[PDB]
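Structure record follows, encoded as structure tokens.
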Amino acid sequence: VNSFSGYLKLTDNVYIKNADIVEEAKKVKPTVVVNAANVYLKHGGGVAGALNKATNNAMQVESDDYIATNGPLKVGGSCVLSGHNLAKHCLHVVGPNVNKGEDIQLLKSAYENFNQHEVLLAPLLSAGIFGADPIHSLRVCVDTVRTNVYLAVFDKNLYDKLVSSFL
Ligand SMILES: O=C(O)CC[C@H]1CCCN(c2ncnc3[nH]ccc23)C1
């Protein structure tokens, strides 16, 4: 038993809700919140900009030190950093950005990072400003993640289309 509430169950291990991931993180304090990161951990907009704003820019300060030490992530890769006031940990995961021409096949590699964590609150990778089809992203998630994932979908209209079209 865990503290996630109001989710629709899609499969044995994947759940979904119309929610603002920032507000969900603020209430649940999950062990892991996933950020929709880029390779530079520049949290300017989308999910990343919203998560970072909610930390009063502490996420960005920590991220800049991480990059200065380690260099950029790989597309499809991830790193574990602090969850600040939102979660114990933040798993920064880089899905391919279609608006940069990155290979959508890397989306599966991106979701594989979730399997290193027993339970996660997450957005749909490569959705939103990353330019991928969220229905495809959900399919890859279901077919790749084996750990327990709670997906927060900000847009109510999108949430209804994902549910109604789910196979
Ligand atoms: O319609 C969706 O979910 C997909 C849109 C992407 C794009 C970036 C922001 N998107 C979010 N997803 C969940 N929570 C959020 N809070 C603030 C933004 C946010 C995900």
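By order in the structure tokens, chains are A, B, ...; within a chain, residues start at 1; ligands start at 1, following the order shown.
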
From a DSSP pass on the backbone, collect the residues of chain A flagged as helix (DSSP H, G or I) and hand them back as a VMD selection string. chain A and resid 21 to 28 46 to 54 58 to 70 98 to 100 106 to 116 128 to 130 134 to 144 156 to 164

Selection within 7 Å of ligand 1 by only C-alpha atoms and all ligand atoms, output as a PyMOL selection string: chain A and resi 19-22+46-47+50+123-124+127-130+134+152-155+158-159

Env of residue 65 (chain A): 12 Å cut, atoms = only C-alpha atoms, seq-sep filter 6 positions within chain, self excluded. Answer as a list in words. residues 40, 41, 42, 58, 59, 71, 72 and 81 of chain A

Have a look at A:122, A:67, A:73, A:162 and name the one nearest to residue 150 (chain A); count only C-alpha atoms.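 Counting only C-alpha atoms, the residue closest to residue 150 (chain A) is A:122.
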
Using backbone DSSP assignments, extract all strand (DSSP E or B) residues from region 13-77 of chain A; output them as a list in words. residues 14, 15, 16, 17, 18, 32, 33, 34, 35 and 36 of chain A

Nearest to residue 29 (chain A) among A:106, A:79, A:1, A:87, with distances taken over only C-alpha atoms: which residue is it?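 Counting only C-alpha atoms, the residue closest to residue 29 (chain A) is A:87.
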
I'd like the interatomic distance between CA of residue 54 (chain A) and CA of residue 156 (chain A), to a tenth of an Å. 21.2 Å

Which residue, A:121, A:139, A:95, A:44, has the smallest gap to residue 151 (chain A) when you use only C-alpha atoms?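 Closest candidate: A:121.
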
Which neighbours of residue 31 (chain A) fall inside 8 Å, counting only C-alpha atoms, when residues of the same chain fewer than 4 positions from it are skipped, and could you give them as an NGL selection string? :A and (87-89 or 119-120)

With N, CA, C and O atoms retained, write the just-selected residues as a short mmCIF file (atom, residue, chain, number, x, y, z; two decimals), in the first residue's frame.
data_model
loop_
_atom_site.label_atom_id
_atom_site.label_comp_id
_atom_site.auth_asym_id
_atom_site.auth_seq_id
_atom_site.Cartn_x
_atom_site.Cartn_y
_atom_site.Cartn_z
N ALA A 87 10.18 15.64 -3.12
CA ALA A 87 10.35 14.19 -3.10
C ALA A 87 11.66 13.91 -2.40
O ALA A 87 12.47 14.82 -2.20
N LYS A 88 11.90 12.65 -2.05
CA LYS A 88 13.23 12.31 -1.55
C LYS A 88 14.28 12.53 -2.63
O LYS A 88 15.29 13.22 -2.40
N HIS A 89 14.04 11.97 -3.81
CA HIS A 89 14.96 12.02 -4.94
C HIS A 89 14.23 12.52 -6.17
O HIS A 89 13.03 12.29 -6.34
N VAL A 119 9.15 2.42 -7.13
CA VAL A 119 7.94 3.24 -7.28
C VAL A 119 8.36 4.65 -7.71
O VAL A 119 9.29 5.22 -7.14
N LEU A 120 7.64 5.23 -8.68
CA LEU A 120 7.94 6.57 -9.16
C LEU A 120 6.67 7.33 -9.50
O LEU A 120 5.70 6.76 -9.99
#

Which residue is closest to residue 28 (chain A)? Choose from A:117, A:11, A:3, A:43 and count only C-alpha atoms.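 So, comparing all the options, the nearest one is A:3.
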
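Residues within 12 Å of residue 56 (chain A), counting only C-alpha atoms and excluding same-chain residues fewer than 6 positions away, are residues 43, 49, 50, 62, 84, 85 and 86 of chain A.
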
Please produce an output containing N, CA and C atoms for each residue in the selection, written as a CSV table (one decimal), in the first residue's frame.
chain,number,residue,atom,x,y,z
A,43,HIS,N,16.6,23.7,-16.7
A,43,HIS,CA,15.2,23.4,-16.4
A,43,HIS,C,14.4,24.7,-16.6
A,49,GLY,N,10.8,23.2,-15.9
A,49,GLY,CA,10.7,24.5,-15.5
A,49,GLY,C,9.8,24.6,-14.3
A,50,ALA,N,8.7,23.9,-14.3
A,50,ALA,CA,7.7,23.9,-13.2
A,50,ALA,C,8.3,23.2,-12.0
A,62,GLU,N,21.7,22.9,-7.9
A,62,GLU,CA,22.3,21.6,-7.8
A,62,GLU,C,22.7,21.0,-9.1
A,84,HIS,N,14.6,17.8,-3.3
A,84,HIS,CA,14.4,19.1,-2.6
A,84,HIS,C,13.1,19.0,-1.8
A,85,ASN,N,12.2,19.9,-1.9
A,85,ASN,CA,10.9,20.0,-1.1
A,85,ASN,C,9.8,19.1,-1.8
A,86,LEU,N,10.1,18.5,-2.9
A,86,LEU,CA,9.1,17.8,-3.6
A,86,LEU,C,9.0,16.3,-3.4

Kindly give the distance, in Å, that separates CA of residue 104 (chain A) and CA of residue 10 (chain A), rounded to a single decimal.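 Atom-to-atom, CA of residue 104 (chain A) and CA of residue 10 (chain A) are spaced 23.0 Å apart.
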
Residue among A:144, A:97, A:126, A:116 lying closest to residue 35 (chain A), counting only C-alpha atoms: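 Closest to residue 35 (chain A) of all the choices is A:126.
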
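Between CA of residue 2 (chain A) and CA of residue 164 (chain A) lies a distance of 26.0 Å.
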